[PDB]
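> Quick one: the structure is below, and I'll ask about it shortly.
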Amino acid sequence: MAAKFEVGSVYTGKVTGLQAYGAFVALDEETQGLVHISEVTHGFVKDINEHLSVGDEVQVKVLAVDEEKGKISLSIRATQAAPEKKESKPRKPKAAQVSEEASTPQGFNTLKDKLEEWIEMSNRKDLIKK
């Protein structure tokens, strides 16, 4: 068929399917590859939908190329492990949110156990005691 990529390269594409053995990703109008499930995440890939999403954009590492069909074997554990530019990008704002980013209802972050009770109230400061 054709090829225009090489092993060890890294490029960005969109997920075109998920399977019990891997995720299809379109890289280009002329190139489409397969993140193998063993390459979606480092281990404990209990189900692929817990680790990838169809109809989403992903950056993939080229593991192998198959010019016979223009297929490519891909990784995502490679790219999720890699660093990136620590600057804003269009979806870093996480505009899909519909609530405040608070970890708890009682305050922005209020993790506890000794008073893991109430929902819109908390104990006063100890200074309440006179």
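Chain labels run A, B, ... following the order of the structure tokens; each chain numbers its residues from 1, and ligands are numbered from 1 in the order shown.
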Considering only helix (DSSP H, G or I) as DSSP defines it on the backbone, what residues of chain A qualify? List them as a list in words.
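Secondary structure check on chain A, helix (DSSP H, G or I): residues 37, 38, 39, 48, 49, 50, 77, 78, 79, 80, 81, 126, 127 and 128 of chain A.
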> Can you pull out every residue within 8 Å of residue 66 (chain A), counting only C-alpha atoms, but drop anything in the same chain fewer than 5 positions away, and send it as a ChimeraX atom specification?
/A:3,71-72
> So how far away is CA of residue 15 (chain A) from CA of residue 67 (chain A), in Å?
20.5 Å
> Between A:60, A:98, A:2, A:127, which has the minimum distance to residue 31 (chain A) (counting only C-alpha atoms)?
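Between A:60, A:98, A:2, A:127, the residue approaching residue 31 (chain A) most closely is A:2.
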> Running DSSP on the backbone, which parts of chain A land in strand (DSSP E), as a PyMOL selection string?
chain A and resi 10-19+22-28+31-36+57-66+71-75
> Just N, CA and C atoms for this one: save the residues we selected as an mmCIF file, in the first residue's frame.

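In the end it all went to again-v5.cif:
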```cif
data_model
loop_
_atom_site.group_PDB
_atom_site.id
_atom_site.type_symbol
_atom_site.label_atom_id
_atom_site.label_comp_id
_atom_site.auth_asym_id
_atom_site.auth_seq_id
_atom_site.Cartn_x
_atom_site.Cartn_y
_atom_site.Cartn_z
ATOM 1 N N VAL A 10 6.373 10.196 16.892
ATOM 2 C CA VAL A 10 5.236 10.535 17.741
ATOM 3 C C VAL A 10 4.409 11.555 16.967
ATOM 4 N N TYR A 11 3.111 11.292 16.829
ATOM 5 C CA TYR A 11 2.161 12.132 16.100
ATOM 6 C C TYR A 11 0.797 12.094 16.790
ATOM 7 N N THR A 12 -0.144 12.919 16.342
ATOM 8 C CA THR A 12 -1.449 13.082 16.978
ATOM 9 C C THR A 12 -2.541 12.695 15.980
ATOM 10 N N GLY A 13 -3.607 12.075 16.477
ATOM 11 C CA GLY A 13 -4.691 11.510 15.688
ATOM 12 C C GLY A 13 -5.963 11.418 16.522
ATOM 13 N N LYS A 14 -7.013 10.789 15.990
ATOM 14 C CA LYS A 14 -8.306 10.665 16.668
ATOM 15 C C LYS A 14 -8.748 9.212 16.707
ATOM 16 N N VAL A 15 -9.265 8.796 17.848
ATOM 17 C CA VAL A 15 -9.650 7.420 18.110
ATOM 18 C C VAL A 15 -10.897 7.110 17.291
ATOM 19 N N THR A 16 -10.824 6.061 16.484
ATOM 20 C CA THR A 16 -11.864 5.632 15.555
ATOM 21 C C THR A 16 -12.563 4.346 16.006
ATOM 22 N N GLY A 17 -12.056 3.637 17.013
ATOM 23 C CA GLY A 17 -12.756 2.512 17.616
ATOM 24 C C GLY A 17 -12.027 2.015 18.853
ATOM 25 N N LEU A 18 -12.705 1.178 19.638
ATOM 26 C CA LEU A 18 -12.140 0.460 20.778
ATOM 27 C C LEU A 18 -12.553 -1.006 20.667
ATOM 28 N N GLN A 19 -11.686 -1.903 21.121
ATOM 29 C CA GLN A 19 -11.827 -3.350 21.050
ATOM 30 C C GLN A 19 -11.180 -3.951 22.300
ATOM 31 N N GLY A 22 -7.419 -3.629 21.624
ATOM 32 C CA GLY A 22 -6.762 -2.369 21.309
ATOM 33 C C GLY A 22 -7.729 -1.282 20.859
ATOM 34 N N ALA A 23 -7.194 -0.131 20.461
ATOM 35 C CA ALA A 23 -7.946 1.039 20.022
ATOM 36 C C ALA A 23 -7.480 1.414 18.627
ATOM 37 N N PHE A 24 -8.410 1.586 17.696
ATOM 38 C CA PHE A 24 -8.093 2.128 16.386
ATOM 39 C C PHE A 24 -7.952 3.645 16.506
ATOM 40 N N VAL A 25 -6.969 4.216 15.815
ATOM 41 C CA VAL A 25 -6.721 5.654 15.782
ATOM 42 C C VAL A 25 -6.456 6.014 14.327
ATOM 43 N N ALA A 26 -7.190 6.980 13.788
ATOM 44 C CA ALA A 26 -6.879 7.620 12.516
ATOM 45 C C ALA A 26 -5.766 8.635 12.750
ATOM 46 N N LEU A 27 -4.683 8.521 11.988
ATOM 47 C CA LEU A 27 -3.556 9.452 12.040
ATOM 48 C C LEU A 27 -3.642 10.483 10.916
ATOM 49 N N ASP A 28 -4.148 10.067 9.762
ATOM 50 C CA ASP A 28 -4.248 10.872 8.548
ATOM 51 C C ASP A 28 -5.307 10.243 7.642
ATOM 52 N N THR A 31 -3.562 7.159 6.683
ATOM 53 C CA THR A 31 -2.862 6.380 7.710
ATOM 54 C C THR A 31 -3.743 6.177 8.942
ATOM 55 N N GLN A 32 -3.787 4.944 9.439
ATOM 56 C CA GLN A 32 -4.684 4.492 10.499
ATOM 57 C C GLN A 32 -3.936 3.368 11.220
ATOM 58 N N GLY A 33 -3.891 3.372 12.550
ATOM 59 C CA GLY A 33 -3.124 2.401 13.317
ATOM 60 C C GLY A 33 -3.885 1.850 14.516
ATOM 61 N N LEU A 34 -3.236 0.967 15.271
ATOM 62 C CA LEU A 34 -3.843 0.153 16.315
ATOM 63 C C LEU A 34 -2.982 0.253 17.560
ATOM 64 N N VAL A 35 -3.440 1.018 18.549
ATOM 65 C CA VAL A 35 -2.864 0.968 19.884
ATOM 66 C C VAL A 35 -3.215 -0.413 20.418
ATOM 67 N N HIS A 36 -2.231 -1.270 20.672
ATOM 68 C CA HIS A 36 -2.480 -2.589 21.245
ATOM 69 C C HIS A 36 -2.814 -2.384 22.728
ATOM 70 N N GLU A 57 -9.259 12.936 20.644
ATOM 71 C CA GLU A 57 -7.941 13.177 20.073
ATOM 72 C C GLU A 57 -6.870 12.676 21.042
ATOM 73 N N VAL A 58 -5.836 12.028 20.511
ATOM 74 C CA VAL A 58 -4.783 11.364 21.274
ATOM 75 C C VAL A 58 -3.465 11.546 20.538
ATOM 76 N N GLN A 59 -2.371 11.618 21.292
ATOM 77 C CA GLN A 59 -1.023 11.610 20.744
ATOM 78 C C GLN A 59 -0.458 10.213 20.959
ATOM 79 N N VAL A 60 0.087 9.611 19.910
ATOM 80 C CA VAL A 60 0.491 8.207 19.831
ATOM 81 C C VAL A 60 1.962 8.115 19.444
ATOM 82 N N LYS A 61 2.658 7.088 19.938
ATOM 83 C CA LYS A 61 3.996 6.738 19.465
ATOM 84 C C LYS A 61 3.875 5.619 18.436
ATOM 85 N N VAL A 62 4.532 5.766 17.291
ATOM 86 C CA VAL A 62 4.699 4.726 16.280
ATOM 87 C C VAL A 62 5.597 3.629 16.858
ATOM 88 N N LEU A 63 5.078 2.408 16.998
ATOM 89 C CA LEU A 63 5.876 1.254 17.414
ATOM 90 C C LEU A 63 6.407 0.486 16.208
ATOM 91 N N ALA A 64 5.584 0.312 15.171
ATOM 92 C CA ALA A 64 5.880 -0.487 13.981
ATOM 93 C C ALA A 64 5.001 0.010 12.845
ATOM 94 N N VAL A 65 5.454 -0.127 11.605
ATOM 95 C CA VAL A 65 4.716 0.297 10.413
ATOM 96 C C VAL A 65 4.577 -0.917 9.490
ATOM 97 N N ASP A 66 3.447 -1.006 8.790
ATOM 98 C CA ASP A 66 3.069 -2.126 7.931
ATOM 99 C C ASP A 66 2.602 -1.570 6.591
ATOM 100 N N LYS A 71 -1.005 0.182 7.686
ATOM 101 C CA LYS A 71 -1.310 0.113 9.109
ATOM 102 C C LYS A 71 -0.070 0.468 9.924
ATOM 103 N N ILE A 72 -0.277 0.778 11.199
ATOM 104 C CA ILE A 72 0.772 1.143 12.143
ATOM 105 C C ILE A 72 0.374 0.546 13.490
ATOM 106 N N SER A 73 1.311 -0.075 14.202
ATOM 107 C CA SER A 73 1.132 -0.437 15.604
ATOM 108 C C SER A 73 1.507 0.779 16.445
ATOM 109 N N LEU A 74 0.722 1.105 17.469
ATOM 110 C CA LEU A 74 0.830 2.365 18.202
ATOM 111 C C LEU A 74 0.927 2.104 19.708
ATOM 112 N N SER A 75 1.347 3.120 20.458
ATOM 113 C CA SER A 75 1.333 3.138 21.915
ATOM 114 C C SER A 75 0.749 4.451 22.409
#
```
> Any idea what the distance is between CA of residue 40 (chain A) and CA of residue 87 (chain A)?
24.9 Å
> From the options A:115, A:42, A:86, A:30, which residue's atoms come nearest to residue 5 (chain A), counting only C-alpha atoms?
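Checking each of A:115, A:42, A:86, A:30 against residue 5 (chain A), counting only C-alpha atoms, the winner is A:30.
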> Can you tell me how far CA of residue 70 (chain A) sits from CA of residue 21 (chain A), in Å to one decimal?
19.4 Å
> If we count only C-alpha atoms, what is near residue 41 (chain A) at a cut-off of 8 Å, once residues fewer than 4 positions away on the same chain are taken out, given as JSON, numbers by chain?
{"A": [37, 45, 51, 76, 77]}
> Pull N, CA, C and O atoms from the residues just selected and write them as a JSON list (two decimals), in the first residue's frame.

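part33.json, written as the output of this step:
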```json
[["chain", "number", "residue", "atom", "x", "y", "z"],
["A", 37, "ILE", "N", -3.71, -3.19, 23.31],
["A", 37, "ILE", "CA", -4.15, -3.00, 24.70],
["A", 37, "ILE", "C", -2.99, -3.00, 25.69],
["A", 37, "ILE", "O", -2.98, -2.17, 26.60],
["A", 45, "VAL", "N", -4.75, -3.04, 32.56],
["A", 45, "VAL", "CA", -5.66, -2.51, 31.54],
["A", 45, "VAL", "C", -6.95, -3.34, 31.53],
["A", 45, "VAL", "O", -7.28, -4.00, 30.55],
["A", 51, "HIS", "N", -9.46, 3.64, 30.01],
["A", 51, "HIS", "CA", -8.11, 4.12, 29.70],
["A", 51, "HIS", "C", -8.05, 4.94, 28.40],
["A", 51, "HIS", "O", -7.13, 5.75, 28.24],
["A", 76, "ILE", "N", 0.18, 4.39, 23.61],
["A", 76, "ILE", "CA", -0.34, 5.50, 24.41],
["A", 76, "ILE", "C", 0.32, 5.50, 25.79],
["A", 76, "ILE", "O", 0.56, 6.57, 26.33],
["A", 77, "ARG", "N", 0.73, 4.35, 26.34],
["A", 77, "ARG", "CA", 1.56, 4.35, 27.55],
["A", 77, "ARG", "C", 2.84, 5.13, 27.33],
["A", 77, "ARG", "O", 3.29, 5.83, 28.23]]
```
> May I ask which of the residues A:43, A:106, A:89, A:94 is the closest one to residue 122 (chain A), counting only C-alpha atoms?
A:106
